[PDB]
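Quick notes on the structure that follows.
Sequence lines set the chain letters: A, B, ... in the order given, protein chains first and strands last, and positions in each chain run from 1. Excluded from the calculations below are hydrogen atoms, water molecules and symmetry mates; all remaining heavy atoms, backbone and side chain alike, are included.
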There are 4 protein chains.
Amino acid sequence: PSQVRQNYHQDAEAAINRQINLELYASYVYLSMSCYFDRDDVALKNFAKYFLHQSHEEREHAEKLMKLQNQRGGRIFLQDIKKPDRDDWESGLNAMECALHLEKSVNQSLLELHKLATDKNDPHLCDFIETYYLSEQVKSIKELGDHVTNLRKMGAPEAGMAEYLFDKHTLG
Amino acid sequence: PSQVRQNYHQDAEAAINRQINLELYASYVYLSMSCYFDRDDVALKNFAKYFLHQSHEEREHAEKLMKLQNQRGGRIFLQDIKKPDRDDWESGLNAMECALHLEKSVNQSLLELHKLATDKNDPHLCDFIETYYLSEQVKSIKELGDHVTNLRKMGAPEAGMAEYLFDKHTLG
Amino acid sequence: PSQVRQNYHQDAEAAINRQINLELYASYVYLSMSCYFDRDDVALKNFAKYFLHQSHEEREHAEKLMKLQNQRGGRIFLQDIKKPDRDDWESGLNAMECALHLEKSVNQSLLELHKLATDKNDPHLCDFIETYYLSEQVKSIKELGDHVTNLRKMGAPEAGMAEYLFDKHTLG
Amino acid sequence: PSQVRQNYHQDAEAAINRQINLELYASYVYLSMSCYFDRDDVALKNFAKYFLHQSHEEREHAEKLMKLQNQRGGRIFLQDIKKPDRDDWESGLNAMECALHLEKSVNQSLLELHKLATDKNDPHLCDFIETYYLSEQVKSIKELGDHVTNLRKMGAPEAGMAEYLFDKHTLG
Ligand SMILES: [Fe+3]
Ligand SMILES: [Zn+2]
Ligand SMILES: [Zn+2]
Ligand SMILES: [Zn+2]
Ligand SMILES: [Zn+2]
């Protein structure tokens, strides 16, 4: 047992390892989306910039959980990062809808983690999740819902100027 | 009778109390509209910002009348602020049309108040209304009429890009 | 159901609507108190300034809950804002005592809301209340208790110079 | 008839001459009060400073009416400035009460003047009075009412420290 370990259940250590994998997976999905919008047959630079920013943010989320695991005296066990479900993301609207789905799935994972920390009476870990993860997920899910709403009303993907003008106005 | 009171008719005191209520009501209507445009299924940030600015302006109008009532030695009697007529304002165009209707109703209230101050030979109160209320209402009614004209010509609400591009160009 | 909604119970949505009404009511009570201290027969400018600051702060509290309701995919349903219990607040000491009573009643409402969010396993909403509401209420209740203590010891309201000198020293 | 005269009734010219005399009289009353508070047996420097400021302000009010009379092509006819009703103003509270009485009497004179300009269809003269005289009188009467309220509550003139502390806090 680590000299620093105190009130850190083996189940919490295991759940934090699963979450690190999921944040690294989310980072890979966003990178896949970023490089789709950089294709010459798609060519939406501000969609590509937006998803690359999200990819980097998710890597910072993963790295902060790795820091937490080490501060609490747990041990990081890394696993394969699975390839994303698509190479071709079809449209700006479809990628925003898939990003929304991914962010809600990551949020559900964190709520299951908070529930585990509550059941194991781990107040430091509960507060860590609330402070740096849950606040930020609610704000992300709302941003993506807003983007989806706006793109559907402008008539994306069938309206050719919808994603062009969204790329300049909302994402530019 | 207040030591400061001079040439302030009890009817004028009563009418200023009714106007305070109407400016506070207008503030509440604008706040209702502001929070409609912040819904994820509407998601027009600059429409929400515009109506929140109007909500704050109307609270400043109410507060200035409360200052007038106290300077003249009248007594403020507050009344319930009634809830707005809708929760769902339907579209950017509909909210602008409802705002236009509300601002004309507030203007008519002030013209009835000016007529009362003229009939009671209250020149200080007449000048107060002209200087800080009537000028400002004419300018508001014209701004809203302009917004409505522009949104109808762009084809709102059926044209999906009309309110999107109005939100960026006119309100951004 | 809203595309952004996740882990937000209908009871929590209803309770947040009741709290918005209570923060708007508190804003109206403070405005009533502010305009009492501006009467020429009361004439305590720094008491009026203090209560107007509180009125504005409570409107910011209400607006932040409206933002929370929209971020979580709930729907704001506004209700009438009831008129305050008095027009005449009697003295500086009495208004501070009534403000203390109001702030404890708002605090009890938030503790009932936290208990509901705990029972519905809503950690984002629990953390929101703790971070932006409960900390701030404890600090307000203590400030008002301090003011009341000081005014009673100086001999308010019977000692004429007590509220005058409190207005200059503590509130100036 | 003056080459510049247009729509200026002989009654309005006469009434403006009477008002010039009253503003010069008010200036003399305030100067009398200022020099009472500078006596070694009264010795309230900030009461003396306050009334000297009012004396100078009233001379500026008189001079602005003299400018108006000349702009409209009337002729200034000056009259004796009568001596004030007292040399000894008794107390800070009594002087503030006498100042309140004087300012209400000047205000009533201006309302009679506005009524005359309204009856003679002189809109330039009506607007002149509203803009530079009536606004300012309401604000003066309210300031003096506030001062009187505060001094009576602190227990002036019998409470020896009331006028001392008012001189430092309110007027300093
Ligand atoms: Fe002192
Ligand atoms: Zn993340
Ligand atoms: Zn208004
Ligand atoms: Zn509050
Ligand atoms: Zn004057």
Any donor-acceptor pair under 3.5 Å linking the side-chain atoms of [Y] with those of [X]?
X: D:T149; Y: C:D41; value: no
X: B:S27; Y: B:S55; value: yes
X: D:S135; Y: D:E130; value: no

Got a salt bridge between [X] and [Y], using NZ or NE/NH1/NH2 to carboxylate O under 4.0 Å?
X: C:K45; Y: D:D146; answer: no
X: C:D80; Y: B:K82; answer: yes
X: B:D40; Y: C:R75; answer: yes

Under the ring pair (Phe, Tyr, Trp, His ring centres under 6.0 Å) test, residues paired with [X] that sit two or more places apart:
X: D:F77; answer: none
X: B:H169; answer: A:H169
X: D:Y50; answer: D:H147
X: D:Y8; answer: none

* Asked: Would you say the side chain of A:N150 lies within less than 4.5 Å of the side chain of B:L44, judging by non-hydrogen atoms?
  ->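 B:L44 vs A:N150: side chains touch.
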
* **side chain to side chain donor-acceptor pair (under 3.5 Å) against D:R152, all qualifying residues, sequence neighbours excluded** =>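 In terms of side chain to side chain donor-acceptor pair (under 3.5 Å), with neighbours along the sequence ignored, D:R152 is linked to D:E97.
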
* To do: Using the test side chain to side chain donor-acceptor pair (under 3.5 Å), find all partners of B:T131 that sit at least two apart in sequence or belong to another chain.
  =>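 Listed in chain order: B:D127.
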
Sequence neighbours excluded, which residues qualify as salt bridge (charged side-chain N to carboxylate O under 4.0 Å, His left out) partners of [X]?
X: B:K120; answer: B:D11
X: B:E103; answer: none
X: B:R5; answer: B:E13
X: C:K168; answer: none

* Output field: ring centroids B:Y36/B:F47 closer than 6.0 Å ->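 Not under 6.0 Å, so no.
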
* **Pairs where residues 57-69 of chain B contributes a residue and the test salt bridge (charged side-chain N to carboxylate O under 4.0 Å, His left out) is met, not counting sequence neighbours** =>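 As it turns out, the salt bridge (charged side-chain N to carboxylate O under 4.0 Å, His left out) pairs with a partner in residues 57-69 of chain B, which skip direct neighbours, are B:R59-B:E63, B:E60-B:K64.
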
* To do: Could you note down all residue pairs passing ring-ring contact (aromatic ring centres under 6.0 Å, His included) where residues 101-124 of chain D supplies at least one of them, sequence neighbours left out?
  =>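 Residue pairs with at least one partner in residues 101-124 of chain D: there are none.
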
